[PDB]
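Single chain ahead, written as structure tokens, the form deposited in one PDB entry.
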């Protein structure tokens, strides 16, 4: 069973692809070593193809079977509804890829009858045909990174817009509700960053003698077997569903999720997929359920005691009771052997850790600092390299999604997000006079439209007021940021402090919400700290739905509403 079989047709770009950062002012003021920053293109697609193509061997045992039975039992308590065409249309991003059938995302959002008529025909086709494979487009992703003495572009596989709308009608409620019921506290997308930290810290504190590790599966999507995908469907079918949803879910599973033909942007047949499609609604939910199923079973095979797991798609973290250093090492090898049997081998062998802060997952790790009172406070951070590389790229070129905005929101408590990202971007928004202009960013795969001026409220709601007063960061954290700045040619933190004092002054000068950004976001920069009290407007924010589920690759849109 090969994850992919290829014809020879090339994976082609849909337009010109920029692979390097252009020299400019605002950007150079952020990062000087612009040659370390690059964007992946279809020119490396061949390298990725070789990586993602391999044979999968699956061997299931009783541990797998027991866990699966328990999961289905919980899934049986879920009732999910079909989404109306109107509801599905409103979930479509304004810039989603247009349909090959004469209409685009705008038409969908506006409920044009041409688009709605086509969507109705696709749905009817799903109910009437549960066999014919559905076409998909395979593209090379254009993502920005920093060299680390270059990685090939990742591939994305997705169905036509019409099909995507139908996936929402049939499964949006399911993938948004089932995971948390089936996996409970182990489902990572139910947590905002602060909630994730609290769960990890308390889980770590609850063990008498804790040991923990992260497990990275080598090219997870490709390790997902056709059987794995049918198992996911069996879990979805456990829910109380309307007859039409059951038929559509079955049809989508057999015609799209389990596999299908691959077509490039030129319309040429590129090959055939028999693994997880990275660009469908069920990608995140499916990956999390499957990763959880295999890992829960592996914990049992390895006899790990008092196991607590945290799963986000293919990202896995396990905290358990230590049985001794030698014993732990041997257990992890057994855990790994089991995962391998289930068709989920490691990219890099997992390593037992005895300090929560040393565990890295979701690119992040827990770190510690102090609030105004001097009391310890845990927060989520990560290596700032990629965030800074993309920050530099976004300052230079116009981009649809602003990773810097997403990063400020997710990593607001960090030293780097506060001193660099906030300072740099608010400086630009000020000059360009675009403070009140809404921008698009992503959170757990979903696209959100947010006004930079709302950041203070958003940050207070998610991280609490302490996010504006953290100080005395850990030595390791400070040294990682400092070293990263030296590496990329980014001005040292001391320079950012001076820049921030100026940005803060200018923001205060404008009063209103802008002054609020100045007072709260940059209180760390001034010697004479202001007293920070709750922001009344914060409560008016509708953050329900922000941290409920993952939608990476799912073509989901929302946009902040007060």
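Residue numbers count along the first chain shown, from 1.
The same protein also exists as the form deposited with a small molecule bound; that form is not shown, yet it is the one meant from here on.
- The three marked residues, 470, 478 and 524, each reach the small molecule in the deposited bound form, with a heavy atom inside 4.5 Å.
- Taking non-hydrogen atoms only, residue 227 never approaches the small molecule to within 4.5 angstroms in the deposited bound form.
- The small molecule in the deposited bound form comes within 4.5 Å of no heavy atom belonging to residue 323.
- In the deposited bound form, the small molecule lies farther than 4.5 Å from every heavy atom of residue 39.
- Residue 168 falls outside the set of residues with a heavy atom inside 4.5 Å of the small molecule in the deposited bound form.
- Proximity to the small molecule in the deposited bound form, defined as a heavy atom within 4.5 Å, holds among 60, 535, 68, 493 only for 493.
- The contact residue chosen from 336, 234, 474, 268 relative to the small molecule in the deposited bound form is 474, the criterion being a non-hydrogen atom within 4.5 angstroms.
- Looking at 84 to 92, 98 to 106, 175 to 183, 411 to 419, the stretch with residues near the small molecule in the deposited bound form, meaning non-hydrogen atoms within 4.5 angstroms, turns out to be 411 to 419.
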